């Protein structure tokens, strides 16, 4: 078997076979040396002595509200701390990217082929004696048993952070532009070749699909008007392919950028909002530039909406998630004197960790009605009956489920959660503790340490035997959460650096793009820099209802 199966190289040293049963570690720029890259250089000893743990940093950011209250209102200081927040994560992501499902060593194929998700950790080699390398039993526990014992919801567990359905559907809508698995190829492949925030979920992945969705007047997207309200156009009108069951009526076959978005009325709610926003921005730019044609209006509006998205994701979405008293800021300028790569490749593990199905409620509560999953799925007549205003009011008020802490995946999506485990295995993911080490975290020494709890820990010990073969995905959903928080340590520490890259590693954040002229002048630029989840709804939803990501 492959001599690197045990993952002998530590501290991000790279393992290479040197014969049939010998390995060498490449410790270049790790700050360590020796056979396994475990002897620290003098400077590295000093660095390690002083470095505070993630949990300590979290505590500081979630306390001393008085101090942060001052920090937030002193612009120079807010900038200083945001600048640090951005650059502290920076070293953790390989960019240019490296491994993928088929390549556990660097290759031109892995670098150049955009159809793959990239990999934060190489796959376990094919001939390793054990699923995780050399540790644990001959096979991992039955995935159905893991699912049923520690993942499935008994009673609904609400998010103590107060995340609502507006938040849950925004997460789904936003991430599904870059997590778009190519199932005809396999779980390690993506259909999102842009690898980030390009808004293909609004405009289409291909030029052909974009042209079918566009009006070709005033830069606008096509739309229909039903009961005086603007919605996306039909499949019949646009000839845009969408996924719908056979029974869905013609006018309810909405055509939008992302082909799966007719599945959930929550997704169609945001699809409709963003379409209206694009056309709203077209109206503004046409006012600013009566000389511009349709093409420039369309392209400039798209850049502006990409900006709005990044702005909202940092200052509202991530802000909500963080639980910090410090106000996060979207400001590309903070990176202009720093080393940073304006590019991104979507990692498979970033997709995996974002399978936040415990967010989903037992029912979807709009106005007076409480819809089951069966009633809610593929049913856009619900969107039309209640209207967008009521959707916003209802979903703002409805609480989402806690993600970490165990036993909160609703049974209606049990097949999705099992698939997450099965596909992880199929893609030969290394263990939880390897991912923890990869992201500068201390490996868990027991199952009770992981869960902070006794009962689930015991079920997991009987299933997995060794803590060093616990799998990544189920661990994120059973993990001991931060105090009164939606996530545990592992979710945030992996999720944060992937998020920074997908947001800031957009070309619009680069110095040659981050200019007023890029967005049609100061008027366009200001739309980006004042965007919020509240203004998105206020500008595009009748009655301007109050909204936020918290109940």
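Numbering follows the first chain given and starts at 1.
- Set 127-135 against 308-316 and average the Cα temperature factors; 127-135 ends up higher.
- Legend: mean Cα B-factor per stretch from the PDB entry, 81-89 versus 337-345; the higher mean is in 81-89.
- Note on the listed residues 283, 205, 449, 277: the highest Cα temperature factor in the record is that of 449.
- Considering 170, 298, 111, 464 together, the PDB entry gives 464 the largest C-alpha B factor.
- In this PDB entry, residue 361 carries a Cα temperature factor that places it within the middle third of its chain's modelled residues.
- The entry lists a Cα temperature factor for residue 514 that places it in the lowest third of the chain's modelled residues.
- Among all modelled residues in its chain, residue 443 ranks in the middle third by Cα B-factor.
- In the PDB entry, a CA B factor belonging to the middle third of its chain's modelled residues is recorded for residue 474.
- Per the deposited record, the Cα B-factor of residue 67 falls in the highest third when ranked against the other modelled residues of its chain.
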